[PDB]
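Protein chains get the first letters and strands the later ones, always in sequence-line order, with residue 1 at the start of each.
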Amino acid sequence: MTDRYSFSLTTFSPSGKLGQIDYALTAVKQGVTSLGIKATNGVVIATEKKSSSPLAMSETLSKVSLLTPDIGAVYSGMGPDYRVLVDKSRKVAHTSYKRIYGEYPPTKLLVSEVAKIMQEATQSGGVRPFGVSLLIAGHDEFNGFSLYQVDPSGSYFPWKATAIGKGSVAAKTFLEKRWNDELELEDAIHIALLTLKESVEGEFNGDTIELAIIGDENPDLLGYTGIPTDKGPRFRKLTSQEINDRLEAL
Amino acid sequence: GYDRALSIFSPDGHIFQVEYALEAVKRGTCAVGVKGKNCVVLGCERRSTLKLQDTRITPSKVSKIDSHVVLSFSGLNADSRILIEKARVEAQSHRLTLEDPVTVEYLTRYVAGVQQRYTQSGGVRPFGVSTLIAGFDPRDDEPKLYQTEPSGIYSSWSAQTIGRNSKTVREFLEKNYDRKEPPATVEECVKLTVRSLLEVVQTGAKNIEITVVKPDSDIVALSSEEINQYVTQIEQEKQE
Amino acid sequence: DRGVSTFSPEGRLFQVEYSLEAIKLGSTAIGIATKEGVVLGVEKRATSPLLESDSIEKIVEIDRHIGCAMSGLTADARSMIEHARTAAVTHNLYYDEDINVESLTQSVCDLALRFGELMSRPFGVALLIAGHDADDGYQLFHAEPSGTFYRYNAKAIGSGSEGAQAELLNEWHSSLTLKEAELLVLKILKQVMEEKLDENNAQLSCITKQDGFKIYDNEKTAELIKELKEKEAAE
Amino acid sequence: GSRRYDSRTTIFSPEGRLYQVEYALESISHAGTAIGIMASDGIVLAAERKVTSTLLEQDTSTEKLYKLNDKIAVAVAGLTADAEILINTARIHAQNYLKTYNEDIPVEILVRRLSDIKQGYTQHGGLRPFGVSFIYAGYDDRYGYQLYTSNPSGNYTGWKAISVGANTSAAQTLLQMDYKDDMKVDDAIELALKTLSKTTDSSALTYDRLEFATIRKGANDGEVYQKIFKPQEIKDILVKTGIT
Amino acid sequence: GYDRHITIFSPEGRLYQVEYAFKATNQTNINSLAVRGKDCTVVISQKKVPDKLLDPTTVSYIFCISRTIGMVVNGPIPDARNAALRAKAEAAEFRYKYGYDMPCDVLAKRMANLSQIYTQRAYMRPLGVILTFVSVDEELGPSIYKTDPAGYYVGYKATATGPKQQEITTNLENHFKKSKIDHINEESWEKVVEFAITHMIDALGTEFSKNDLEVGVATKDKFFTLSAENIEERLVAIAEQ
Amino acid sequence: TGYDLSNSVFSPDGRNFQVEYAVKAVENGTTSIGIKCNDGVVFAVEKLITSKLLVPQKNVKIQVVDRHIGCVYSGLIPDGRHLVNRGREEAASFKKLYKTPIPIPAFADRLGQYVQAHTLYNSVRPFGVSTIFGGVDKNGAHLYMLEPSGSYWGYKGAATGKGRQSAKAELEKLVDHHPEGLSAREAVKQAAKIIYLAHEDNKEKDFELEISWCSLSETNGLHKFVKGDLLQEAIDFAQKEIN
Amino acid sequence: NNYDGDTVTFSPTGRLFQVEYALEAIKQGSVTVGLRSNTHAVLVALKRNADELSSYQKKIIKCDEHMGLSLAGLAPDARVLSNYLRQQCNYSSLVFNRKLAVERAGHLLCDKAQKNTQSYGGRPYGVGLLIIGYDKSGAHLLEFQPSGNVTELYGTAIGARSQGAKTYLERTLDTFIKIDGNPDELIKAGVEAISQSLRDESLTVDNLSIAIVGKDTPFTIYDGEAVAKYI
Amino acid sequence: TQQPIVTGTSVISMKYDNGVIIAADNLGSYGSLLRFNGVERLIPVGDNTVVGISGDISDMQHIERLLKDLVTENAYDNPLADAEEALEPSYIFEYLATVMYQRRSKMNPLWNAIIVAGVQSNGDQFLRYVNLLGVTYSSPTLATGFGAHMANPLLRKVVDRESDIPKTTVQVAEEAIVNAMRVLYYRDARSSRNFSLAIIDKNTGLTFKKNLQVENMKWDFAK
């Protein structure tokens, strides 16, 4: 035995292309649409819960994941690759930051760590690149609210608003017309729901849509009282009912 | 770890990776070495395809390995730095354990050994570099000039050249260098070295570098104007 | 591609067979064993007249009682010589005696098949190992990259080997003197060399019980070349 | 076994070229152009972001210009993710040197170290090289203001003015034409922006498509200041030099 | 075309070795079904003993992973037992480290993560199996969680696996469309097994003897398999109404 | 194509062709069988006499594991020995930690997991043997057969090698004609007959019969070779049935 | 063809070509014979020279006072395998004060060769061995193939033209097995056996190599004028 | 490095004309506490060897498992496992002696003193000693611990040198051994009344006697 694949499986072709990265981006293109919009007082990330079977309980499959109390993530592409990246991202937030500085990392630096992991799967021996693009939304004291996209290559970019996957080209055009620097969080949620409806074929309700926000601190979700400086997580996943309430004012 | 045998024999008994490393040397800028009666001169070609270069800080082609030995090369520039660093470390290690600086032959034998090792070790490619190593042994006034190549073979030379168009300048040296009477002075040796490069170089401007090494750690690099005076005198004798 | 340790359909290791081809391109080396000593001779083959030929080192001392000549990719021989010298000295340290010529040769040949995916390829050089010990007297061995070694009364390796070996077949007998062997190596080297043989492009050496391993001066060899010329003109 | 699938990233071609290095250089030729110009009183770094969007958050964005320490900065051309791996290594090397000798690392020593790391990936390990070319702008008290470049081969060279990325042939000709030795920073700022304006593949050169930086002794008395320009500051210098 | 031999991307962004592992899944020609009751989770699977020289008691694709968790496998037996041994080791280690029984959904995630690694690392091949984990979880109640060679997993109200999974799936879908609830509203596990067998008979259009089936039942604090005589009693009750 | 050049590669069918090619080496080997009786198991194997120069009864093929398990195999003999060596290590570590001798089903999985592991990577070759093994433990007699894929099941009777079809048919008759069961001494006699009958597929060269058994009443649950008078009695019974 | 690039690949008919190619190296090797009675065991080997100036390659290697072998094929591989046998014989004596049984020595050689046929990167051994010995159960002769197959025999031969000697031993079986307490006659039978494999060349004084082990006879090798008695 | 916890006392033995005899009591002491009263310290290996062990009982149980494994291993691929290639007393001793010396050389000894008694293939008597230090020696009589000081003097009166062995019958030898065990019970505070005795004879084989008791004792003179 032993892993005898100690050589790169991603290499430059004569034209300068890194084939395996391009092919990973193609897998992302086939993936279900997900989006993110930044407001003045928050950020929203959303996607469709494309259920593989009606016998499947789609609530047990989480496409939108909490990374830290103030940082959340969504994806387009290969689900299993995303799941392991969320596990690694949660751990690296602790090992390379919280266990050193006694606080959670700022959004840009956690994004940087996830990007590094994705870059290494593009150069290390005997592995393929991750077949996902991530959208990471978060808040921290000194940088405020932010939204980042991370690609299979490991490259990352900050966005005011964006979309990835199936109908991203049409969705990004829709977002360009609606986005301004004076949006409140509720306005951004409204725009998110409008944008997402275009790429969804079948049912469009709280049970088929997954949506989360980075907004105000939620002391009701902290689990304890007594420490004034601890005010609760800014990440909150909207319920099925909360989504449907905003679909009547749609 | 990556263990793949990159340097292997072919049916005709050739190791192509070593032979292709020589082709990288053929592409590199020309280097020449000439030993006189009491000195050795190292000449190097600078391709003038790159102007707007900062010549103060750009890596120079001749490198001191110790205060008494120098090394020049033709081939991959990045590869040569690894050989130069290893040679410099070994030179200090030799002083530390033997309490005497390296002989020119010893330093050559070490660098050549490193090059050979990279031709039958797994997971590595050969160095795309040939070197000219020159200097004087401690407390000795006899000039020394050696050559190494990617395969790891080395030998001593009265005069030698490596790199692009080295076939032409070797032709010149073979008819102009007399063994019974080598260039008796520094002037004569530098003149013969500049002459040999002028067969190949183009403009005698910032394209020719000259370094003179004398006994007892006396090493100096000639400036543009000093070399320009040799270039001037050579062609004025040629107009006849 | 294909394994470095692969067998051919004929039952031979590809890489070993290919290294033997590299040795055929090497400069000639000849050895002759007599009851008065063993002689070793080589063709230097300088690539240019500006190359100082006395820096070409194709005959090498392993110990006082063992010498060695090489042919092929001569850079590959350096680690083999290093190992041989270390083995000879180490045995003297452990046993307070000289090592047998055969035992030294066997130790060198143990390195040969240590390649795979250890070193990445076989050695591209063949060795003639000559020496003397009390048990078996004057000996000459031929060490190959296959790991096999044969003892020889006389042997030639390199580019002019099959022509030289046919010549050694006719000339060798069990009563040869050391002087006769010296001239015989010179005669056969002169026959197979491209350039005209002189003291600067050829080198002689010998191993005797009394004086041990010695590389001959260019002045000493020059006299033997002159002695050869005169005796060939004598009939 | 596994040999079947090995691309062999560290071999010579019959012509004596390194396949992967050559192909990595081909990749870099499609990256946004980065320019460095060295003057007597400072250094300029100018670089073009690749076809952006109106929804990109520019003021928090960085893809071209990176700080290595207080005295040295780099301009990137190639894979951004690859560059950040090397940049972090370079930042650590600078701090290692500062801890060991209690002096800031000389520019060339940092450049040589990163270049040696790139070289290693071309000779051993069987891994793909880094698809990155750097322009190093820095200052130390030995050589003063210095410009270097390094590429995937691990070769590095010093420059008075240099470009990497797209359209380097056109850019280098324009720089060679207008550069003079007695030039000052304010003149060099103008040359860098004028060169990018002519070589760009975009229709017009605007503030949102640029990253800009200067290293000046325009810091109060014998010391050096790095200035990573803000979006509004790039907009102002574009108006000042008469490009918009 | 070596992108088809190892787990690297094809130009279409596909992993062919993963897709071919899904095909190996149906090599046994066996169909399985899982449903949830009020207090239990039932899993049934076809049993085929084609050789008379075989000892039929040793032919099984249902595994007792822990006291609480059961696992049925769709795919070749060597890969099935590989996955079974690992799942047993993981469940035991979990209890030792964290002081409570490994939940069904957590074990499914863990095995799914292991599968994901085989799709990304070249030296390891995917296992040609689909794993259906069942239990009555102390927090979530009756649970069905299914893993595949892509590293995908999800919870189910009910599920089916095998060559004729679609027929069984649609049959189950139609029943839950009528009842409008996420489970079989029945008190005893015996009647939930009877429901499971009845609806497999309806979907496949075949009758079963006691030796043609294999049944596993999960209740609070234990998972167990039924004997041939326990299944016979189940078949008799089905025929008598 | 090219899917059959490397181990652990799935073909578009979902097949591992290298494992299927290992089966061909098994089918090329000599015939070996196993019979499960009332309180134990019997193993028998065909040994081809390639030459008169082979010393009779010396080249023993059946192998013991621990003191209660017997193993026989058809195909590449060295591969079988490698598998038995591993089995002996597995049985030793089990007994070291748990005191009791390894149960037969437990032992079966240890061999199974090891053989299956040689289908997971391209750096190893699958086993070129099918192994028939078993013995007596606390729950009674057990007989198993293990294939190159790692697949194994429990058996009433088992056969592998060049004459497996002939042997299987004979075993199926015994199962039908004896639902109550077969005695250990009967099973030895029947094993001799079946090997003699299966030798028709290898009729060119003559052969040597080798039998072993584990029985609760006849061998105290220990593995023993059938020797001397009991072996000759079985040879006579076999020779009588073919004529 | 497409399945002979390495030892880790079966062919579609279930063959291992690298092992078969290693077997071919033995057939190119010089002939060597092995035979035994109930008191003694004998090896006879035809040594091969490179030319008339060269020595004749040694074929027989001593492993212990009671055991040794003869080789045919790659000689360095025989050195590796014989070194391993020397160590195993030695381990048995030092740890258990016990002379290693010849049958157990065969089992150890089989297992060592097998590992080189199932793993990537390695290669099969390219040599065949004939092991003779005298232990607690009398005289023994073994034949080793680098496939891993080891076989106990009364007599055999391996190498080029070994079929002639093997047929002779098959005829003489009933005669030479009875040569008890007469070492010279058992060697005569072995020298007569190896003669059935000679063509153009005959057995000379530096050509022939003989080894013997028995009841009160340590493993000893005869070369040179010591075999002139049998020419 | 450790300390012995549960321990066994003397093992005694001697040669006679046709074989060897060995004996040891059935106690496992816990310091001065006579804790375990049914411990067998003579362990037969086949039908030709008996290994007697004193010292640490946990280490004794480990050695017992090594010997059990040795028999299993010897039977592997060995058609003559119950004949010419059976385990000899000399093989069993040399193996144990190797282990003991290796363990002391790693500074982690098996805290025991061991006597291997048996008869070889050719009928020769085998009797040799080995301990925690790897020290070995042979003698017509051998004893460990207290036995060395009290049993040997009595047993040496029967067989004083090699030439006394053929003159010593099995009845005389057993009588001497049994008397020595009584003397040890009188005088060793870590001994018990109950003991085991084993005879290995070249004609009658291995006779293993359990549940023997020290009898014919004198106290009456308690004056």
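For an aromatic pair to be called close, the ring centres must be under 6.0 Å apart, and E:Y100 with E:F94 satisfies this. You'll find the ring centres of E:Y20 and F:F10 outside the 6.0 Å limit. Ring pair E:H175/E:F195: centre-to-centre distance below 6.0 Å.
Distance CD/A:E48 to NZ/A:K166: 9.0 Å, rounded to 0.5 Å. Atom-to-atom distance recorded for E:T28:OG1 and E:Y61:OH is 5.0 Å, nearest 0.5 angstrom. To the nearest 0.5 Å, atoms OG (E:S45) and CG (E:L33) are separated by 9.5 Å. Annotation: the span from E:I168 atom CD1 to A:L55 atom CG amounts to 11.0 Å, rounded to 0.5 Å. The distance from atom CZ of E:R4 to atom CD of E:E19, rounded to the nearest 0.5 Å, is 9.0 Å. Expressed to the nearest 0.5 Å, how far CD1 of E:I144 lies from SG of E:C104 amounts to 8.5 Å.
Atom NZ of E:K88 has more than 12 neighbouring heavy atoms from other residues, nucleotides or ligands inside a 6.0 Å radius. Heavy atoms from other residues, nucleotides or ligands lying under 6.0 Å from NZ of A:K50 number 12 at most. Within a 6.0 Å radius of CD in A:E203, no more than 12 heavy atoms belonging to other residues, nucleotides or ligands are found. Under a cut-off of 6.0 angstrom, the local environment of NZ in A:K91 is sparse, with at most 12 non-hydrogen atoms contributed by other residues, nucleotides or ligands. For NZ of E:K164, the number of neighbouring non-hydrogen atoms (other residues, nucleotides, ligands) closer than 6.0 Å is 12 at most.
Side-chain atoms of E:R36 come within 3.5 Å of backbone N or O of E:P142 as a donor-acceptor pair. Of the possible donor and acceptor atoms, none in the side chain of A:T162 sits under 3.5 Å from a partner among the backbone N and O of A:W159. Not a single donor-acceptor pair under 3.5 Å links the side chain of A:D81 to the backbone N or O of A:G77. A donor-acceptor pair under 3.5 Å is formed between the side chain of E:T170 and the backbone N or O of E:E167. Remark: side-chain polar atoms of F:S6 are not paired, donor with acceptor, to backbone N or O of F:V9 under 3.5 angstrom. A donor-acceptor pair under 3.5 Å links the side-chain atoms of A:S76 to the main chain of A:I164, judged by distance alone. Side-chain atoms of A:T26 come within 3.5 Å of backbone N or O of A:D22 as a donor-acceptor pair. Judged purely by atom type and a 3.5 angstrom limit, E:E90 has no side-chain atom pairing as donor or acceptor with the backbone of E:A87. Remark: the backbone N or O of E:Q116 is paired with a side-chain donor or acceptor of E:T119 at under 3.5 angstrom. No donor-acceptor distance shorter than 3.5 angstrom exists from the side chain of A:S62 to the backbone of A:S65, with no hydrogens or angles considered.
In terms of heavy-atom proximity, E:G128 sits nearest to E:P76 at O-CD, 3.2 Å. Summarising the geometry of A:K172 relative to A:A163, their closest heavy-atom pair is CG-N, 3.8 Å, with the distance given to 0.1 Å. Shortest non-hydrogen contact noted between E:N29 and E:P163 is ND2-CG, 3.6 Å. Contact detail for E:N171 and E:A203: the closest heavy-atom pair is CB-CB, 3.9 Å. Heavy-atom minimum distance, A:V74 versus A:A46: CG2-O, 4.4 Å. Shown here for A:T10 and A:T122, the closest heavy-atom pair between the two residues is CB-O, 3.4 Å.
In this structure, a donor-acceptor pair under 3.5 Å is present between the side chains of E:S32 and E:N74. Checked by atom type, the side-chain pair E:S135/E:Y145 shows no donor-acceptor distance below 3.5 Å. For the residue pair A:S155/A:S153, the side-chain donor-acceptor check at 3.5 Å is satisfied. If you check the side chains of A:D151 and A:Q149, you find a donor sitting under 3.5 Å from an acceptor. Between the side chains of E:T159 and E:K146, a donor-acceptor pair is found at a separation under 3.5 Å. In this structure, a donor-acceptor pair under 3.5 Å is present between the side chains of F:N122 and A:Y5. There is no side-chain donor-acceptor pair under 3.5 Å between A:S34 and A:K63. A:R90 and A:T68 are not linked by any side-chain donor-acceptor pair at a separation below 3.5 angstrom, with hydrogens and angles left out of the test.
Looking only at side-chain heavy atoms (C-beta outward), E:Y152 and E:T147 stay at 4.5 Å or farther from each other. Taking 4.5 Å as the limit, some side-chain heavy atom of A:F130 sits within range of a side-chain heavy atom of A:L85.
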Item to complete: Test side chain to side chain contact (heavy atoms under 4.5 Å, CB included) on E:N82 and F:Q113 and set out the steps.
Response: CA-CA 6 Å; E:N82 180 110; F:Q113 299 286 356; 4.0 Å; yes
Discussion item. If you apply the rule side-chain hydrogen bond (donor to acceptor under 3.5 Å, both in side chains), what do you find for E:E214 with E:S60, and how did you get there?
Written reply: CA-CA 8 Å; E:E214 193 171 33; E:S60 181; 2.5 Å; yes
Practice prompt. Begin from the C-alpha positions of E:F9 and E:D3 and carry the test side chain to side chain contact (heavy atoms under 4.5 Å, CB included) through to its verdict.
Written response: CA-CA 6 Å; E:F9 287 113; E:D3 63 314; over 6 Å; no
Worksheet item: Do E:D79 and E:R125 pass the salt bridge (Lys or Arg N to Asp or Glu O under 4.0 Å) test, and can you show the C-alpha distance, the side-chain angles, and the key distance before you say yes or no?
Response: CA-CA 11 Å; E:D79 284 11; E:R125 74 160 169 88; 2.8 Å; yes
Discussion item. For a side chain to side chain contact (heavy atoms under 4.5 Å, CB included) check, start with the C-alpha distance between E:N113 and A:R83, then their side-chain angles and the critical distance, and finish with the verdict.
Written reply: CA-CA 8 Å; E:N113 282 158; A:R83 194 180 59 251; 3.1 Å; yes
Fill in: Candidate pair A:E210 and A:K237, rule salt bridge (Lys or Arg N to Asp or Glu O under 4.0 Å), full reasoning
CA-CA 8 Å; A:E210 207 166 331; A:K237 208 159 176 282; 3.3 Å; yes
Practice prompt. Start with the C-alpha gap between E:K109 and A:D87, add the side-chain angles, then the distance that decides, and say whether side chain to side chain contact (heavy atoms under 4.5 Å, CB included) holds.
Written response: CA-CA 11 Å; E:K109 188 191 173 178; A:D87 291 331; 3.2 Å; yes
Practice prompt. Give the C-alpha distance, both sets of side-chain angles, the deciding distance and a yes or no for side-chain hydrogen bond (donor to acceptor under 3.5 Å, both in side chains) between F:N16 and F:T119.
Written response: CA-CA 8 Å; F:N16 191 348; F:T119 70; 4.9 Å; no
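The pair E:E138-E:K220 does not count as a salt bridge, with every side-chain nitrogen at least 4.0 angstrom from each carboxylate oxygen. One finds no salt bridge joining F:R15 and F:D4 here, because no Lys/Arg side-chain nitrogen approaches an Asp/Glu carboxylate oxygen to under 4.0 Å. The pair E:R110-E:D105 does not meet the salt-bridge criterion, since no charged nitrogen lies less than 4.0 angstrom from a carboxylate oxygen.
Note that E:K157 lies outside the cation-pi zone of E:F176, set by a 6.0 Å cut-off to the ring centre and a 45° limit from the axis.
Note on ring orientation: taking the six-membered ring where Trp is involved, the planes of E:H5 and D:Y5 are perpendicular (angle over 60°, cut-offs 30° and 60°).
With A:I71 as the partner, the side chain to side chain contact (heavy atoms under 4.5 Å, CB included) test is satisfied by one option alone out of A:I214, A:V111, A:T107: A:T107.
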